[PDB]
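One structure is given here, and the rest of the page talks about it.
Here is how names work: the chains are called A, B, and so on, in the same order as the sequence lines, proteins then strands, and each is numbered from 1. Hydrogens, waters and symmetry mates are skipped; everything else that's a heavy atom, side chains included, is used.
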Amino acid sequence: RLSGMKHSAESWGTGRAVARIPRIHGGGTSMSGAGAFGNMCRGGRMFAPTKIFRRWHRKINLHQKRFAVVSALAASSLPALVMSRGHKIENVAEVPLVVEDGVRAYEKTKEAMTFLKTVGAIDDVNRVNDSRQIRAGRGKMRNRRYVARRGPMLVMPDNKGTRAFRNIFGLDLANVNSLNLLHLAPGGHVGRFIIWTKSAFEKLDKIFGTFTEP
Amino acid sequence: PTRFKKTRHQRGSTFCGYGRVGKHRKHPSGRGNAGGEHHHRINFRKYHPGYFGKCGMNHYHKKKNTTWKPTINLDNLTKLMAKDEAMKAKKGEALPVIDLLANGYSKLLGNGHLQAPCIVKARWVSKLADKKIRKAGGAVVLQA
Amino acid sequence: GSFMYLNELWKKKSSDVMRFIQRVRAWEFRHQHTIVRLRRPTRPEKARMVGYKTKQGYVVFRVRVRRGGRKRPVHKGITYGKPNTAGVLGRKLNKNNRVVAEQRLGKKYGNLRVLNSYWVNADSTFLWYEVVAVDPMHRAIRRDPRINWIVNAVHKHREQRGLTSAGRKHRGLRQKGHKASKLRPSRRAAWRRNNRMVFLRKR
Amino acid sequence: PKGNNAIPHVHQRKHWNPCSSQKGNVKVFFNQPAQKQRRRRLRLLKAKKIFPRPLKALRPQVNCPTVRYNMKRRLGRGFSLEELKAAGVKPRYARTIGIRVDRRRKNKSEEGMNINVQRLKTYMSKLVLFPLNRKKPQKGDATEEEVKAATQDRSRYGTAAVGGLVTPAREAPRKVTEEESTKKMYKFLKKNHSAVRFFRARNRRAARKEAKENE
Amino acid sequence: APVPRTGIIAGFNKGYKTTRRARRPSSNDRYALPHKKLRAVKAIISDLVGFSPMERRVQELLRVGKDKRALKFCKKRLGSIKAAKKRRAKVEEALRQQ
RNA sequence: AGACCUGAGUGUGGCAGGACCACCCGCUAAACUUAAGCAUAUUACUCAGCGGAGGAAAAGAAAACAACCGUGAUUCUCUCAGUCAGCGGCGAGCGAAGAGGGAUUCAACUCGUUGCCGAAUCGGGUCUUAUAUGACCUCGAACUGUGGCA
RNA sequence: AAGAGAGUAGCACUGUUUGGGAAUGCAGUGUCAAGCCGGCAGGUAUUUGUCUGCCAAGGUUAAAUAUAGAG
Ligand SMILES: [K+]
Ligand SMILES: [Mg+2]
Ligand SMILES: [Mg+2]
Ligand SMILES: [Mg+2]
Ligand SMILES: [Mg+2]
Ligand SMILES: [Mg+2]
Ligand SMILES: [Mg+2]
Ligand SMILES: [Mg+2]
Ligand SMILES: [Mg+2]
Ligand SMILES: [Mg+2]
Ligand SMILES: [Mg+2]
Ligand SMILES: [Mg+2]
Ligand SMILES: [Mg+2]
Ligand SMILES: [Mg+2]
Ligand SMILES: [Mg+2]
Ligand SMILES: [Mg+2]
Ligand code: NA
């Protein structure tokens with residue numbers, strides 16, 4: 001709040017053959033008599049300084065938030081929309097993809113990689129691996145040095161049994177009890193590739209309800 | 001967002017829509033509601049006729065919890081009944097009992113055509129409402 | 001007991017005998033210094049009522065203050081600005097003389113802690129109060145569970161911050177409820193509460 | 001040009017905004033999610049330390065004042081002395097076994113007292129009350145088996161001992177009698193209301209009429 | 001035994017029906033009781049110190065027979081009509097008992 | 001010649017003084033500005049000035065609300081509420097409180113006074129591994145009342 | 001069986017402060033209580049009679065709160 005205004009500056013007035021901008025007092029510094037306090041002056045105060053009570057956050061209606069999550073889920077069941085978003089699902093047996101519950105008992109990362117290759121989901125994780133690169137612009141100076149694309153998302157009935165799937169680059173884990181719209185539609189575009197476990201798949205009817213049953 | 005404002009469209013117009021004559025100066029006509037009876041009189045009299053002056057008695061230390069008294073009409077009573085109980089209420093049979101206090105109502109008014117007989121518990125009631133509910137086949141029970 | 005007779009006698013300050021005693025005492029006080037140390041309080045029943053005990057570490061002083069209103073210290077009586085701010089002789093101080101006597105003793109003897117005070121005498125130009133003080137470094141004070149709370153550093157110069165009985169009086173803290181809503185924690189704290197602009201995260 | 005607008009009363013004429021010359025007077029809530037985590041962490045730590053005591057002490061049930069909230073019930077500050085005497089517990093002792101005591105509250109009714117007495121009797125039967133020293137147990141103290149079989153109440157309201165608040169039940173559907181179908185309820189209510197409203201005017205009329213009887 | 005209420009919102013004894021209970025005794029009710037020992041102590045002191053200049057003026061007015069003027073004098077000094085009436089009664093008693 | 005009261009000198013053991021001052025407590029205290037002029041009003045019980053603490057400070061245990069089917073120390077938050085409360089050249093403008101949902105909460109104690117006792121108290125010295133809430137001594141303080149019980 | 005804080009509370013004048021309006025709080029001076037039918041409060045002034053809630057003029061006290069140019 002004090003930036004650019006910590007000077008005892010004053011306008012010289014008219015009759016001295018100079019502009020009427022405020023000028024710095026004193027002498028013997030090469031700064032004396034220079035312009036001050038103006039948004040057009042060097043070392044001056046900026047126009048409309050930014051404040052911290054700007055409205056950073058937003059409110060959204062509860063029903064509208066639930067509407068968006070439902071719509072983004074229905075889009076993930078259409079293979080045309082999945083391909084249009086950018087995922088590689090040419091080797092996937094069926095959409096939506098549902099696998100057995102045994103993947104929760106894995107403990108070694110090698111087992112997870114073998115499972116991904118079996119169901120044909122390894123093409124998408126390979127696409128994310130190759131896309132890794134250094135960000136362009138000032139962003140690489142602000143703790144955002146690397147960028148990468150979004151791969152498949154694996155949905156589990158709870159927040160357990162994820163030790164073997166963590167550390168795999170290009171894979172995301174989700175909990176069916178709290179689905180995030182920021183993950184279901186990255187960048188605002190629908191059609192994310194989702195792999196379901198059987199236990200999590202069977203809970204969808206109870207969590208969201210039907211057209212007649214609440 | 002700053003990219004939808006008129007200022008983006010006005011880059012290069014030199015006047016931003018305020019005119020070569022007249023210009024954009026600071027506080028002509030004064031600040032706030034100044035001049036309500038001098039040089040702004042026509043606006044005030046035309047749009048806010050009852051602004052200047054007093055009216056009525058005063059009430060020191062008003063407690064609005066003492067005057068709480070919401071109202072409901074006779075024609076909206078079925079919105080409080082059970083979803084099943086209506087449509088099978090008859091003249092001389094068992095009838096649902098509605099408590100207005102538990103639903104947040106104080107006085108029962110008598111507008112409209114009653115749709116089903118019932119027994120209503122209320123604090124206050126109008127004379128027309130009492131007549132209509134009695135004719136239909138219901139009753140009013142006073143509660144405090 | 002004997003307290004009742006002493007208490008009821010001091011409720012007759014307008015009687016002939018009490019006026020005679022006070023008149024002689026006022027003449028004696030007029031010829032002493034502004035601050036005087038006493039061996040014993042002149043109103044022992046009143047002193048014990050406000051927290052004095054006959055024990056080592058307790059002391060009593062008598063302090064003199066000048067009666068009348070306040071005069072604004074403006075050169076030659078000239079005030080500037082709007083006429084609403086004029087006037088040099090008719091305005092009054094916002095704290096009472098009882099607390100002015102306490103603060104004068106406290107600022108003079110910095111090794112003591114002021115406890116309370118009470119009224120003693122008055123005349124046409126002077127007022128006299130007696131102040132009870134405690135020495136916090138004494139062994140008997142530090143080992144007494146009823147008074148050792150005053151040793152803690154949070155009670156330093158409590159009379160300069162208006163925390164005594166006299167200071168509470170002019171702050172409005174004798175009142176409660178609807179008579180003290182705008183000054184109850186403190187006048188400044190209430191003003192800060194009612195005037196700060198609040199920004200919720202999701203407004 | 002001003003048109004047809006509301007007259008503004010925005011109330012922003014003091015120095016609240018921080019600038020180069022003013023400190024300002026503002027309050028923001030950027031610490032809201034961090035403080036939410038901190039309060040939960042402290043509650044969890046306190047529960048671990050005081051185990052197995054319940055987090056919340058027992059409290060009574062009271063009626064909300066004013067006609068607007070006449071029909072509601074909530075939790076009070078502490079149990080009254082008359083309630084404690086009826087239950088059979090001393091006030092000072094009751095404070096050591098997690099019962100809140102309020103010496104200012106008065107009953108004024110029997111329905112309220114009976115509810116709160118029942119709460120105390122239910123709680124006293126469910127108490128365990130570990131002995132002071134295990135080697136020598138006193139009278140009315142839980143044995144070792146009850147001590148090891150002990151859990152901690154975590155309910156935010158201490159209802160695991162007694163339960164929720166108690167209100168009268170709703171009325172079932174019934175049949176209308178014939179006094180109910182003939183009585184005029186507005187006539188009955190209005191007459192009672194008028195007795196209080198015109199008490200003074202009626203008294204003056206009677207006094208003047210009585211004064212005209214000096215014969 | 002407080003009066004039981006009716007069941008309606010208006011009229012005399014209005015309100016919801018309960019079972020009212022009598023007020024409990026308290027230690028605050030010891031006020032308004034006579035204070036015999038306090039009264040006796042005040043009598044001893046009043047004997048010792050005697051009268052005051054204000055009380056002598058009221059004494060003279062009562063002797064002449066100006067009761068209304070005595071009340072006006074007392075009310076100005078004490079600031080309350082109830083306080084003034086108590087002061088006049090006290091002086092009347094003392095004169096009678098002397 | 002000797003006590004008591006009041007008042008000095010010296011000696012022994014201690015404390016105060018300055019800094020920091022964002023937040024907090026007490027005092028003192030403007031004008032620019034707005035009112036399209038201006039004097040009451042507003043800016044504002046704010047800036048400048050003086051004094052005083054802490055890790056927080058201040059407040060706190062009803063001479064409180066309410067008028068109900070009644071609540072129950074303090075502090076803070078949403079709301080009550082920019083108020084069909086109220087103040088104001090009734091102009092410009094200003095402006096709270098009870099109640100309700102919550103955060104916190106095993107939260108409360110005490111002196112004087114009244115009644116029964118009447119140095120049982122404090123300081124100093126010595127002893128008990130101990131400047132003990134212990135014991136003994138003390139023409140030291142204290143009956144112009146320190147302590148203990150209700 | 002007793003008692004519970006007096007130049008204190010109140011009142012008048014003057015000044016200031018408050019949304020507080022026949023006077024919300026406070027300060028100076030004058031005057032100055034009650035407690036064998038007590039005192040204070042109950043948001044329009046006075047006198048009289050009821051009802052309701054509390055019992056001033058001494059003291060200590062964690063947590064939930066601030067850090068708007070500090071360490
Ligand atoms: K006085
Ligand atoms: Mg500057
Ligand atoms: Mg710069
Ligand atoms: Mg123009
Ligand atoms: Mg022109
Ligand atoms: Mg913080
Ligand atoms: Mg200093
Ligand atoms: Mg410091
Ligand atoms: Mg300005
Ligand atoms: Mg102007
Ligand atoms: Mg001008
Ligand atoms: Mg300052
Ligand atoms: Mg403190
Ligand atoms: Mg203001
Ligand atoms: Mg008292
Ligand atoms: Mg304190
Ligand atoms: Na102008």
Side-chain angles (χ1 to χ4, degrees), chain A residues 2, chain B residues 27 29-36 54 58-63 65 144, chain C residues 1 3 10-11 13 40 44 48-51 53-56 67-69 81-85 90-96 109-111 116 119 122 137 139-140 146 149 153-154 156-157 160-163 165 167 170 172 174-186 189 191 194, chain D residues 9 11 13-15 18 23-26 39 53 57 62-71 76-77 95-96 98 102 104-105 108-109 111, chain E residues 15-16 18 28 31-32 34-35 37-39 77-81 83 86:
Chain A
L2 296 161
Chain B
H27 302 116
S29 77
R31 292 218 201 195
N33 301 315
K54 285 189 203 181
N58 288 323
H59 186 340
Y60 306 144
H61 185 44
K62 169 126 188 176
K63 294 172 279 179
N65 270 7
Chain C
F3 171 87
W10 269 98
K11 279 170 186 165
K13 303 195 225 290
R40 290 201 260 241
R48 184 154 311 116
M49 193 178 321
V50 296
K53 288 264 182 296
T54 306
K55 214 158 33 184
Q56 302 162 49
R67 318 193 65 180
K82 324 274 182 83
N84 184 244
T85 52
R91 310 178 112 100
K92 277 95 181 166
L93 198 68
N94 274 305
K95 64 222 278 195
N96 47 60
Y109 301 148
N111 69 303
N116 246 310
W119 183 94
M137 296 282 120
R139 168 194 179 98
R146 271 125 180 176
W149 57 266
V154 84
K156 265 189 281 200
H157 280 290
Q160 315 286 331
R161 302 184 264 136
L163 304 182
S165 193
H170 74 79
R174 298 257 206 282
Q175 316 289 338
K176 286 183 172 188
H178 65 294
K179 282 168 180 326
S181 43
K182 258 192 238 305
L183 11 108
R184 236 301 139 182
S186 94
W191 186 88
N194 289 329
Chain D
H9 298 130
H11 268 86
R13 311 245 276 152
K14 292 176 189 187
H15 293 134
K23 284 160 168 301
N25 211 8
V26 285
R39 285 194 302 274
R53 304 202 348 257
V62 301
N63 310 357
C64 299
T66 278
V67 288
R68 169 161 187 199
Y69 306 103
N70 237 4
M71 68 311 267
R77 189 194 163 83
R95 271 177 64 214
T96 63
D102 188 19
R104 285 181 291 265
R105 196 160 62 79
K108 301 183 198 193
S109 172
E111 284 83 11
Chain E
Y16 195 91
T18 53
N28 277 343
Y31 307 125
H35 295 62
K37 188 195 238 156
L38 181 65
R39 206 169 178 77
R77 281 299 169 97
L78 292 164
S80 188
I81 193 146
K86 208 105 180 203

OP1 or OP2 of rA67(F) under 4.0 Å from side-chain N/O of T66(D): yes

Aromatic stack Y16(E)/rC69(F): centroid gap under 5.5 Å, interplanar angle under 30°: yes

Touch class at under 4.0 angstrom, heavy-atom based, for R105(D) against every strand present: base

Sugar-phosphate only, base, or nothing, as touched by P34(E) at under 4.0 Å among non-hydrogen atoms: sugar-phosphate

Sugar-phosphate only, base, or nothing, as touched by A32(E) at under 4.0 Å among non-hydrogen atoms: base

Anti or syn - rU121(F), cut at 90° from 0: syn

Set out, line by line, the N/O atom pairs under 3.5 Å between protein and nucleotides 69-71 of chain G.
| from | atom 1 | to | atom 2 | distance (Å) |
| --- | --- | --- | --- | --- |
| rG69(G) | OP1 | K23(D) | NZ | 2.6 |
| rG69(G) | OP2 | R1(A) | NH1 | 2.4 |

Pairwise 5' ranking along RNA chain G for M49(C) and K179(C), keeping only the more 5' one: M49(C)

Pairing between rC87(F) and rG93(F), Watson-Crick or wobble, both under 3.5 Å: yes

Salt bridge (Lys or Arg N to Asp or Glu O under 4.0 Å) involving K55(C) - partner list, sequence neighbours excluded: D144(C)

Sugar-phosphate, base or nothing in reach of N28(E), heavy atoms under 4.0 Å: base

Under 4.0 angstrom between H61(B) side-chain N/O and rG19(G) OP1 or OP2: no

Touch class at under 4.0 angstrom, heavy-atom based, for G167(C) against every strand present: nothing

Any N94(C) side-chain N or O less than 4.0 Å from OP1/OP2 of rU28(F): yes

Sugar-phosphate, base or nothing in reach of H35(E), heavy atoms under 4.0 Å: sugar-phosphate

Under 4.0 angstrom between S165(C) side-chain N/O and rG58(G) OP1 or OP2: yes

Below 3.5 Å is the cut-off: list the nitrogen or oxygen pairs between protein and nucleotides 28-31 of chain G, distance only.
| from | atom 1 | to | atom 2 | distance (Å) |
| --- | --- | --- | --- | --- |
| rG28(G) | OP1 | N97(C) | N | 3.1 |
| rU29(G) | OP1 | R67(C) | NE | 3.0 |
| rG30(G) | OP2 | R67(C) | NH2 | 3.0 |
| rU31(G) | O2' | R77(E) | O | 3.0 |

Pairing between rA48(F) and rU121(F), Watson-Crick or G-U, 3.5 angstrom cut-off on both: no

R184(C) side chain vs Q175(C) backbone, donor-acceptor pair below 3.5 Å: yes

Touch class at under 4.0 angstrom, heavy-atom based, for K54(B) against every strand present: base

Touch class at under 4.0 angstrom, heavy-atom based, for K176(C) against every strand present: sugar-phosphate

Phosphate OP1/OP2 of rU75(F) contacted by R184(C) side-chain N/O (<4.0 Å): no

Any donor-acceptor N/O pair, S186(C) side chain to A189(C) backbone, under 3.5 Å: yes

Touch class at under 4.0 angstrom, heavy-atom based, for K86(E) against every strand present: sugar-phosphate

Stacking check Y31(E) vs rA4(G) (5.5 Å / 30 deg): yes

Sugar-phosphate, base or nothing in reach of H178(C), heavy atoms under 4.0 Å: base

Check: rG70(F) base within 3.5 Å donor-acceptor of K108(D) side chain: yes

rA41(G) - base-pair partner by Watson-Crick or wobble geometry, distances under 3.5 Å: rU52(G)

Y60(B) side chain, from C-beta outward: closest of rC69(F), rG86(F), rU146(F): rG86(F)

Complement of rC23(F), any strand, by Watson-Crick or G-U distances under 3.5 angstrom: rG54(F)

Side-chain donor or acceptor of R161(C) paired with backbone N/O of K156(C) under 3.5 Å: yes

Phosphate-side-chain proximity, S186(C) and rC25(F), N/O vs OP1/OP2 below 4.0 Å: yes

Sugar-phosphate only, base, or nothing, as touched by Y69(D) at under 4.0 Å among non-hydrogen atoms: base

Base-pairing mate for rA67(F) - Watson-Crick or G-U, with both contacts under 3.5 Å: none

Distance test, side-chain N/O of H15(D) to OP1/OP2 of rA44(F), below 4.0 Å: yes

Sugar-phosphate, base or nothing in reach of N58(B), heavy atoms under 4.0 Å: sugar-phosphate

Residue mapping more 5' on RNA chain F - nearest nucleotide basis, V67(D) or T54(C): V67(D)

Whichever of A83(E) and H170(C) has its nearest RNA chain G nucleotide further upstream toward 5': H170(C)

Phosphate-side-chain proximity, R146(C) and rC111(F), N/O vs OP1/OP2 below 4.0 Å: yes

